[PDB]
Each structure stands twice: as structure tokens, then as C-alpha cells.
């Protein structure tokens, strides 16, 4: 009965697995594949599964990751427009939908990307009832909130791609300035991934040397020896890459593998990422925006309480108020 029949001889009995650490990537767009080439690269899934709506573009992104199986450690790769392939996934990376046209704000994609999520979020929990979701599609913090509601999952099992990517954009500009590696530069961007984001100068530092101390001019526009512009650089930066190439992904893709490695390796390491911050720094409502969370195998199991300077909570309320003004009309 072929070769498998009288070449392989079962010591067991056939046999099914049950995925252990499966991961669905939802969307096989420029972002969807970056995340996917990077999950596969760090060897993070025993099974990787693709769901997109474009059936043809899927079978071929599926097929393409398939051919390289021999360089990779992910026995099962799979793909369908039916969400039945995502069954029993441990982490689900949503990326699907429309992206910013050159100039367009992330926040002008809500109406549209919400309608996407209105369909795809609840088919994910049908198939993987006990998953962690990662939300990457834009209005990311607004949709992390939309995902939270529709999924009907705990808060520690719904995670915003957040300002993990912002904070690395930041630690990378700091790193150029200093001529070291960003692993060795520390410092944080919290709140809305994008325009309304907050630089926390209090905590910018290198080998413990607070630089809000080593120049308290730091962050104060006009004055200062340069720091204002670094934050603007981070903020503007999404737009500045879109002008030149069309979109971003190699950095988002790696951010996400980061997030997933921390979690599937149960490391409890710290990540600035979008969560529900009701009841912190004076916040009226159920607003999702990023803060230094502890990612382990549970999902995000804590936030970190920081002494912020007065101005930085001011900036963070302006953010959470913006986001809450779109979420209060949302109703689904």
C-alpha cells in the first residue's frame, strides 16, 4: 500500500496530534507574511495556519512557506478561507483588512476595519475558544477594544501590538545617537501607537543613568540638545516609510514574533503593549492603550504602575480621551 505501508512500520497507532503551540496568522498581506516569516524563523509553531479572504493568494502563500519546510521546524503549515483551519490555535495574529493610503490616518480606517473584525473575531473564538489574540490591524488600540468585546475573552487574553513597535523605533534612534545596540538602550513610548503617543523621558536611560537627570532640558521643545525630535521621528515614522515603499511590516513582523516568543516561552518579560487602562492615571473608561505589561504563557498577566511626571499623564489622558470618543459611538 505504497511505501509508507511497508517502509514505515508503526510502533504506535495512527494517530492524531492535537496542536500544542499552533499559531494562526489572519491575513497574508505585507504584514501577515512578515509576521509569518518571523514566527517560522524563530521556530515558534509546530503548526502555522493562514486565514485570509483571498483564497488564491492564500493557497500560494501557504504553498510558498510549504516548499521551505526543510529549513524550518514547523511540521504542519495550512491555509483556508474557512476559519475551520484555525481550530485549537494558541495565539492568533490578526492583520487583515485595509491599510492607510499615503497620508490617511490610522484612525480613519475604523468604520471599515471594524466591519472586518465584526466578522473575523467571533469566528476565531468559535474555533480556538482558549486563545490569546494579537491585534495588529489599525485602529489597533480601538480594535484591540473591539476585539475584546466581540471575542468575549478575558483582558489578559487580548493584546494590542501596541507601542512595542514604537518603542523599538525609539530605542533605535537613541541607539544611533549613542552608537550602541538598542538592547542596551532603554526607554518607552506608551498610549496610542501613533500620533498621540507619549515619550516617557523619566525612564529613558543607559546602564541606569537616567537622562531626564543628565539633562532636564530633555523633552522640552525649543530648548534641549535634540530630544524633542526623536519622539516626533518615531511618531511621523510610519508615514515616512509609506511615502517611500507603500506600507510597513519587517519591524511589525519582528515585534510580533517577540511578543509570541516571550509568551509561548512563558518568560514573563516586559513589553509596552495595548491593554484596558480603566482605573489607571485617572482614566474615565474602557480604553485600550499601551503600557509596560508582563508577557507570559497566560497572555498579558500584569501592567506596571509607573510614577509618571504630571505632563505625561496629561498626554496620556488626551490619548485615552481621543480613543474613547470613537468607542462611545461604536455600539455593536
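Residue numbers count along the first chain shown, from 1.
**Report entry** 260-268 versus 275-283 - which carries the larger mean C-alpha B factor in the record
**Finding:** Higher mean C-alpha B-factor: 275-283.
Query - Mean C-alpha temperature factor, higher of 129-137 and 225-233 - result: Comparing 129-137 with 225-233, the higher average CA B-factor belongs to 225-233.
Report task. Identify, among 162, 75, 219, 253, the residue whose C-alpha carries the highest B-factor in the deposited PDB entry. Result -> Highest C-alpha B-factor among the listed residues goes to 219.
Requested in this report: Sort 66, 38, 30, 306 by C-alpha B-factor from the entry and give me just the highest.
Outcome: Comparing C-alpha B-factors across 66, 38, 30, 306, the top value belongs to 306.
Query raised in the report: Which third of the chain does residue 97 land in by C-alpha B-factor: lowest, middle or highest?
Result: Lowest third, going by the recorded CA B-factors of the chain.
Query - Among modelled residues of the same chain, the CA temperature factor third for residue 215 - result: Ranked within chain, residue 215 CA B lands in the highest tercile.
Requested in this report: Could you look up the Cα B-factor of residue 71 in the entry and say which third of the chain it sits in: lowest, middle or highest?
Outcome: As the PDB entry reports it, the C-alpha B-factor of residue 71 lands in the lowest third of its chain.
Requested in this report: Quick one: classify residue 85 as lowest, middle or highest third of the chain based on its Cα B-factor.
Outcome: CA B-factor rank for residue 85: lowest third.
**Report entry** Within-chain third of residue 239 by Cα B-factor, per the entry
**Finding:** Tercile = highest for this residue's CA B-factor.
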